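Residue numbers (PDB author numbering), protein chains in the order written: chain AF, 1 to 95; chain AH, 2 to 132; chain AO, 2 to 89; chain BD, 2 to 276; chain AR, 9 to 79.
Shown next, in structure tokens, is the structure this report addresses.
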Amino acid sequence: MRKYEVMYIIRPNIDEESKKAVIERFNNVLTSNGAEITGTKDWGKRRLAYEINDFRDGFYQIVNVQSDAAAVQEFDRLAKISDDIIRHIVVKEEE
Amino acid sequence: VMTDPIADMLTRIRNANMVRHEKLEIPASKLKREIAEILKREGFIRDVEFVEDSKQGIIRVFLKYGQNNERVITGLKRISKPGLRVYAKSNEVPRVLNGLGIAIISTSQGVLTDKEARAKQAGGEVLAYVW
Amino acid sequence: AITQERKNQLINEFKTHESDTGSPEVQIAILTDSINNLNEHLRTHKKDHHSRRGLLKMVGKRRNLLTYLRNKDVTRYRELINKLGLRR
Amino acid sequence: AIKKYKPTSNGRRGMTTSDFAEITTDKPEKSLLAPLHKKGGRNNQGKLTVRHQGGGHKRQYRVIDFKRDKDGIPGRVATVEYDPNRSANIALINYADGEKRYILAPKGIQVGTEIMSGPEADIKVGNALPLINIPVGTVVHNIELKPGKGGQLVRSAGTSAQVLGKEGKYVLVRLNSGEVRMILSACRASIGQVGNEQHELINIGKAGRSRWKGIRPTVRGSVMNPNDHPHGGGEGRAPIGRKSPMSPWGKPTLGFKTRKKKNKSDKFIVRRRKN
Amino acid sequence: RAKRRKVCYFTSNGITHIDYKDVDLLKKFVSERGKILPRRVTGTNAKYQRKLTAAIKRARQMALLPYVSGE
RNA sequence: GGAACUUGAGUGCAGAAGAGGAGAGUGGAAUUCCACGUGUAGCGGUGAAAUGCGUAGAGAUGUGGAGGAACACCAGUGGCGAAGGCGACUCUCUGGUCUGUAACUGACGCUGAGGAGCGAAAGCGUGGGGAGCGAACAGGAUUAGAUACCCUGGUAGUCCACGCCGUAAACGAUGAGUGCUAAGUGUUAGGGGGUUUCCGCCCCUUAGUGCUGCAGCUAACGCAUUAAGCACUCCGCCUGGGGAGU
RNA sequence: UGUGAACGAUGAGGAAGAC
Numbered sequence: 001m002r003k004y005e006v007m008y009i010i011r012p013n014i015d016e017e018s019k020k021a022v023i024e025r026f027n028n029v030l031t032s033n034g035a036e037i038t039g040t041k042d043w044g045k046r047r048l049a050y051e052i053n054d055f056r057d058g059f060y061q062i063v064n065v066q067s068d069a070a071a072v073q074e075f076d077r078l079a080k081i082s083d084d085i086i087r088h089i090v091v092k093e094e095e
Numbered sequence: 002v003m004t005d006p007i008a009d010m011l012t013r014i015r016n017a018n019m020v021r022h023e024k025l026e027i028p029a030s031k032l033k034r035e036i037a038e039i040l041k042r043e044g045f046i047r048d049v050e051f052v053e054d055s056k057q058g059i060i061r062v063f064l065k066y067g068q069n070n071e072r073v074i075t076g077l078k079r080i081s082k083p084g085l086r087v088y089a090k091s092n093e094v095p096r097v098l099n100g101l102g103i104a105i106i107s108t109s110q111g112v113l114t115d116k117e118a119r120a121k122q123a124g125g126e127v128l129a130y131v132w
Numbered sequence: 002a003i004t005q006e007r008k009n010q011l012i013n014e015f016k017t018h019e020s021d022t023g024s025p026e027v028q029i030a031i032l033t034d035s036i037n038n039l040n041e042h043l044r045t046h047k048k049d050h051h052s053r054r055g056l057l058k059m060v061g062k063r064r065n066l067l068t069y070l071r072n073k074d075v076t077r078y079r080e081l082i083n084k085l086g087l088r089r
Numbered sequence: 002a003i004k005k006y007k008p009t010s011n012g013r014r015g016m017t018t019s020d021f022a023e024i025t026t027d028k029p030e031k032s033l034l035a036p037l038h039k040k041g042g043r044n045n046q047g048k049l050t051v052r053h054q055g056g057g058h059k060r061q062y063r064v065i066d067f068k069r070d071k072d073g074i075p076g077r078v079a080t081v082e083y084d085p086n087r088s089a090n091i092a093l094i095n096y097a098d099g100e101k102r103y104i105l106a107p108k109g110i111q112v113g114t115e116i117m118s119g120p121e122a123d124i125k126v127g128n129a130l131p132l133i134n135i136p137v138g139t140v141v142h143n144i145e146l147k148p149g150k151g152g153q154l155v156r157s158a159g160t161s162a163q164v165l166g167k168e169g170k171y172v173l174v175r176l177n178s179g180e181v182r183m184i185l186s187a188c189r190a191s192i193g194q195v196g197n198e199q200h201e202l203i204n205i206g207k208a209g210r211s212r213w214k215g216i217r218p219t220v221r222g223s224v225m226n227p228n229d230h231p232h233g234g235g236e237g238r239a240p241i242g243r244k245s246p247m248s249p250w251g252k253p254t255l256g257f258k259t260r261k262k263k264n265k266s267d268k269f270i271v272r273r274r275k276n
Numbered sequence: 009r010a011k012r013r014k015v016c017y018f019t020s021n022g023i024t025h026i027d028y029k030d031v032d033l034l035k036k037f038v039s040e041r042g043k044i045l046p047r048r049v050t051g052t053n054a055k056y057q058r059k060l061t062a063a064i065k066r067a068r069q070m071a072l073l074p075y076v077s078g079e
């Protein structure tokens with residue numbers, strides 16, 4: 001087991017309820033993977049120097065979890081299936 | 002890789018002659034201290050003194066130097082070497098550099114100078130020549 | 002990796018002494034575990050030529066250490082290779 | 002894998018066969034077996050519309066619901082079996098209902114893996130979910146042209162397809178050899194390219210194995226009598242002197258388009274002939 | 009002989025940063041041209057500058073900073 | 001051969017960084033093509049030109065889409081790796097190196113014919129890919145001739161996957177290991193200390209690596225604690241040129 | 001105050017034989 005920090009972007013235009021749906025979904029997946037919570041923060045809306053698909057800005061969101069080591073391998077594709085999410089990255093925590 | 006401590010001590014004393022430092026250190030062995038005592042008898046070197054530290058070592062050798070500059074020894078070489086055994090019958094031993102030079106020949110009676118070896122009529126391995 | 006707990010378990014089982022951190026026993030044991038993991042790693046990918054040559058070096062190490070162990074105490078050696086099931 | 006044969010005989014010199022490693026059980030389930038009378042390529046009138054067909058080994062069809070009309074019900078891959086009818090291997094799958102249906106088998110599938118046919122199903126290989134839910138660029142197989150019709154597209158082994166993107170109507174798809182069509186968004190499809198890619202590499206190595214296929218030999222056209230073939234006649238290996246290489250039927254074959262210039266599918270052809 | 013102008017100013021108030029979570033200091037590292045400043049100005053040791061390099065690349069992965077802009 | 005020792009060596013503990021290897025995913029810029037908008041006689045190329053592209057509306061510009069290849073700037077006689085060689089990012093597995101009190105093993109070391117593995121680029125076999133670049137080749141120029149240097153194109157190749165081939169100025173034209181031998185001035189990562197909480201200055205000690213130079217070596221050029229210096233151990237190799245690496 | 005040397009990496013000024 002090891003620590004992990006993860007960032008991901010959700011769509012700026014999304015309704016707050018649907019945002020609650022995708023966040024409870026990402027949390028249910030994150031706990032399905034056995035990734036224990038350590039801490040989290042909400043960067044929220046921020047302007048972008050460049051668009052990814054088209055959007056001029058995005059909702060940043062981050063999590064910090066103690067976990068495998070096996071889970072990220074399943075978490076990535078499940079982070080790929082959703083059209084609502086834009087980007088996701090999982091960096092190891094070794095400050 | 003430390004193939005032979007004695008030849009190493011010989012390149013130590015030769016390099017020491019080249020650098021003209023007053024003294025240098027060598028790892029201990031009775032084989033080394035005996036021939037060093039032989040050089041002490043020959044007088045080419047001023048003094049040798051061991052200093053104990055666990056386990057082996059460390060001898061400190063003081064090079065002698067002439068009153069009018071000049072290296073005390075004009076040459077030094079170890080004819081004996083691993084991968085090429087050498088032997089010498091008691092009458093067969095050369096008198097290197099004629100009368101000035103002396104052989105260092107280990108024998109059954111112990112390490113001996115070519116004069117003492119000729120007197121004892123004892124042959125043995127020729128460790129090195131110094132001149 | 003191997004994980005640190007597995008090392009602590011692997012060492013204590015084979016020590017001849019209460020604090021025998023060294024010894025050809027424990028050395029060949031830890032190197033054996035490294036050989037097994039690296040061998041399975043070679044099985045995962047045949048393209049790992051560097052892991053392969055490194056494995057060859059570690060085989061040189063095990064061969065030299067077991068050779069000297071044959072040179073010293075044949076009884077401890079046969080008991081050890083019987084314990085591990087290795088060596089021909 | 003491919004097992005090369007030692008040249009013990011002249012037919013051994015080139016013949017090769019696939020490893021059959023995917024196969025698990027020697028025999029098909031009795032419940033889904035179906036008869037296959039060999040037409041031999043003849044018309045119902047009895048005339049041979051298609052040249053050099055029939056004479057092959059006997060075959061027995063296994064029922065396969067490409068449509069996958071049921072949904073929301075998890076399945077399981079019990080076994081995999083050889084299919085004489087096509088290059089693609091068949092993999093039997095046991096539904097939670099206790100229903101059993103042979104299904105097309107993408108490579109890399111493992112025995113006992115769960116498979117849901119529903120829209121909510123995961124991208125993981127062997128699943129079949131509607132194109133609207135499919136992420137762009139993922140490989141897809143057994144694509145239907147219309148819902149409920151079955152997946153005529155990409156049934157043969159080793160073939161693949163990719164999504165260039167999608168609108169509400171219609172989803173884009175890269176058909177094999179680079180052609181593209183706006184397939185209906187509502188239409189169902191199955192992620193993951195079909196296995197047995199090594200089938201193309203297989204070498205027959207003798208005339209005798211072809212008889213079992215059974216691919217009947219085709220006479221070269223120049224050899225044929227002039228009354229029978231346009232390229233016939235001449236005093237031994239006649240040059241294709243006559244203008245425009247030709248089929249025994251009057252339409253030219255080399256580089257001549259056989260497409261109808263007016264067709265319902267022409268609107269759907271965003272791209273054609275990449276070569 | 010010898011001293012560099014505008015050297016470091018990081019170890020003096022470091023260290024272990026960031027690795028990339030901050031945006032203000034990375035906004036300090038970026039030039040008007042949008043590229044990382046040379047060690048001749050930044051003053052950092054090459055190891056710190058390279059860990060900073062991979063860190064800012066991670067920031068570009070976070071899209072917290074422009075990849076390219078006007079000069 | 002018996003009995004011992006830790007300094008050679010190995011292992012451990014505590015740390016240190018590295019384009020190291022392989023697998024998977026992902027990134028943005030640009031070239032090119034396609035689609036449309038805009039707008040019109042040039043565009044492109046050379047020493048000069050012409051071939052070529054363009055009123056069937058190019059080039060240019062705006063937007064969108066597609067595909068492949070490479071990773072700018074960071075980047076540094078920087079780093080890693082045995083060599084060859086490795087330069088976007090993330091993750092997965094994993095090799096190697098260095099430092100430090102110091103635990104343990106107690107010579108368990110070095111080299112190494114045969115043998116085995118790796119081994120640039122080009123090439124060959126099979127299946128894919130092919131944006132650009134580009135042998136062969138086509139055309140236009142240059143010239144007495146131009147089977148070239150130049151330009152406009154362009155196949156194989158260059159790319160991937162599974163194999164073969166095992167050649168390079170594969171060079172540092174300097175084999176590997178170890179000991180010793182003035183120094184100096186940087187850097188690459190560590191360790192200790194002498195004031196200072198720190199910052200930071202100073203001194204010392206390891207290993208990597210750049211240059212300048214004392215002794216010493218030299219046909220000369222030069223080398224020079226990274227010897228080609230003084231020594232040791234082992235392997236590879238040389239015996240006039242051409243004929244002939246035939 | 002500041003002289004040469006040295007390294008790693010360039011930007012471009014054009015067509016023509018032999019004894």
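We put the CB at the ideal spot given by N, CA and C, even for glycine.
Asked                                                                                                                                                                                   : Found
For the segment 67-94 of chain AF, which residues have a CB atom closer than 9 Å to at least one CB atom of chain BD, in sequence order?                                                : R77, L78, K80, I81, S82, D83
Starting from the Cα of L105/BD, find the closest Cα among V174/BD, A187/BD, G127/BD and give me that residue.                                                                          : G127/BD
Tell me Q66/AF's beta-bridge partners as DSSP assigns them.                                                                                                                             : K3/AF, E36/AF
What did DSSP end up calling residue 96/AF once you bin it into helix, strand or coil?                                                                                                  : The structure shown does not extend to residue 96/AF, since chain AF is modelled only from 1 through 95, so no value can be given for it.
Are the beta-carbon atoms of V63/AF and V6/AF separated by less than 8 Å?                                                                                                               : yes
Taking contact to mean 3 or more Cβ pairs, one atom from each stretch, closer than 8 Å, check whether the segment 78-95 of chain BD and the segment 194-212 of chain BD are in contact. : yes
Are there three or more Cβ pairs, one per stretch, closer than 8 Å when the segment 16-30 of chain AH is compared with the segment 146-164 of chain BD?                                 : no
Are the segment 7-15 of chain AO and the segment 23-40 of chain AO touching, with three or more C-beta to C-beta distances below 8 Å?                                                   : yes
Can you give the Cα-Cα distance for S18/AF and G138/BD, rounded to whole angstroms?                                                                                                     : 25 Å
I'd like to know if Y56/AR contacts chain AF, where contact means its C-beta is closer than 8 Å to some C-beta of that chain.                                                           : no
Anything in chain AF within Cβ reach of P136/BD, meaning under 9 Å, just list it in chain order.                                                                                        : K80, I81, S82, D83
Taking only the alpha-carbon atoms, compute the straight-line gap between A129/BD and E41/AO and give it to the nearest angstrom.                                                       : 35 Å
Along chain AF, which residues have their Cβ under 9 Å away from the Cβ of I124/BD?                                                                                                     : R77, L78, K80, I81
Applying the criterion that 16 or more other CB atoms from any shown protein chain within 10 Å of the CB defines a buried residue, is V220/BD buried or exposed?                        : exposed
Chain AR partners of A49/AF, CB-CB under 8 Å?                                                                                                                                           : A71, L73, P74, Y75, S77
Looking only at C-alpha atoms, which of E26/AO, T4/AO, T22/AO sits nearest to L66/AO?                                                                                                   : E26/AO
Could you give the DSSP three-state label for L98/AH: helix, strand or coil?                                                                                                            : coil
If we define contact as Cβ-Cβ less than 8 Å, is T61/AR a contact residue for chain AF?                                                                                                  : no
Note down, in chain order, each residue of its chain lying with its Cβ closer than 7 Å to the Cβ of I205/BD, except the 5 sequence neighbours on either side.                           : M16, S211
Any beta-carbon of chain AF closer than 8 Å to the one on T19/AR?                                                                                                                       : no
Less than 8 Å separating the beta-carbons of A239/BD and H230/BD?                                                                                                                       : no
Compute the Euclidean distance between the alpha carbons of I133/BD and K167/BD, then round it to the nearest angstrom.                                                                 : 8 Å
What is the DSSP secondary structure of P83/AH, counted as helix, strand or coil?                                                                                                       : coil
Relative to the C-alpha of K73/AO, which candidate in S24/AO, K47/AO, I36/AO has its C-alpha closest?                                                                                   : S24/AO
Are the segment 166-184 of chain BD and the segment 73-84 of chain BD touching by the rule of at least three beta carbon pairs closer than 8 Å?                                         : no
Does DSSP classify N28/AF as helix, strand or coil?                                                                                                                                     : helix
Closer than 8 Å, CB to CB, is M1/AF near chain AR or not?                                                                                                                               : no
Only counting runs of 4 or more residues, tell me where the alpha helix (DSSP H) segments fall wholly within the segment 165-231 of chain BD, in order along the chain.                 : 208-214
Excluding sequence positions up to five away, which residues of its chain have a Cβ less than 6 Å from the Cβ of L154/BD?                                                               : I144
Along the alpha helix (DSSP H) that carries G55/AO, what are the first and last residues, could you check?                                                                              : 50-73
How close, in whole Å, do the beta carbons of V131/AH and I103/AH come, if the pair is a contact with beta carbons under 8 Å?                                                           : 7 Å
Mind checking which residues open and close the beta strand (DSSP E) that includes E26/AH?                                                                                              : 24-27
Report yes if the CB atom of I9/AF is closer than 8 Å to the CB atom of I86/AF, and no otherwise.                                                                                       : yes
With 8 Å as the threshold, decide whether the Cβ of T52/AR is near any Cβ in chain AF.                                                                                                  : no
Would you list, in chain order, the members of the segment 20-32 of chain AR that have their beta-carbon closer than 7 Å to a beta-carbon of chain AF?                                  : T24, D27
Around the C-beta of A22/BD, are 16 or more other C-beta atoms found within 10 angstroms, so that it is buried, or is it exposed?                                                       : exposed
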